[PDB]
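Quick setup: one chain, the form deposited in one PDB entry, written in structure tokens, and binding and motion questions come after.
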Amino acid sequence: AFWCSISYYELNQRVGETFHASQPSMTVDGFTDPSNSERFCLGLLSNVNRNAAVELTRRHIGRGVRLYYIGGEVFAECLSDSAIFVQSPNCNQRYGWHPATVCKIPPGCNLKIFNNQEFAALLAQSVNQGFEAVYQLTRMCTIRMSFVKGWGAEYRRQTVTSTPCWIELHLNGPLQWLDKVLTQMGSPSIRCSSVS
């Protein structure tokens, strides 16, 4: 199976094809190996409308980040020689800060970016809130990471779309459980017209 797919972005532009992770432990780096099920190499992804900044930052992605699925938990280890910022709603809500919290991971460090049981339990209590409350859990199945530059509060790059090189992760397991609950939540109350 794939446990997660990864989409790379340069600013607010989507660059390259979506990588599908088949291996429990892989890497997203700035190198160019095209046929490695354990290496999403960003170096080999072109972008005809790529600016100097972007080009400059790509050079510092180096060995990048190592993502890895131990049991029901995901970890991100910064191999690059530059930091990597992580925005994990599942990670943030564990230490409390306003879901949008970006957490810096200095070179040689590593953080637990997602926990299954936690999620599963957040999915359980959401059924009581109604459709809308469950529909929004898809954000909990996503994790965003910037390479070299940071964003949010503390840096004047307030949004991910501002950073030069970032990547979004979709957790398939969490998304599949979410889907099973969602197909049973009924429908919205608030209606929606065909002309407006």
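Residue indices: 1-based, along the sequence shown. Under this definition, the rigid core comprises the largest set of C-alpha atoms superposing within 1.5 Å between the forms.
Note that the form deposited in another entry isn't included here; everything after this is about it.
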**Message:** Please determine whether the C-alpha atom of residue 109 is displaced by 2 Å or more between the shown form and the other one following superposition on the rigid core.
**Reply:** no
**Request:** Would you tell me if residue 184 moves between the shown form and the other one by 2 Å or more at its C-alpha, with the rigid core held superposed?
**Result:** yes
**Message:** My question is whether residue 127 is one of the residues whose C-alpha shifts by 2 Å or more between the shown form and the other one, given a fit on the rigid core.
**Reply:** yes
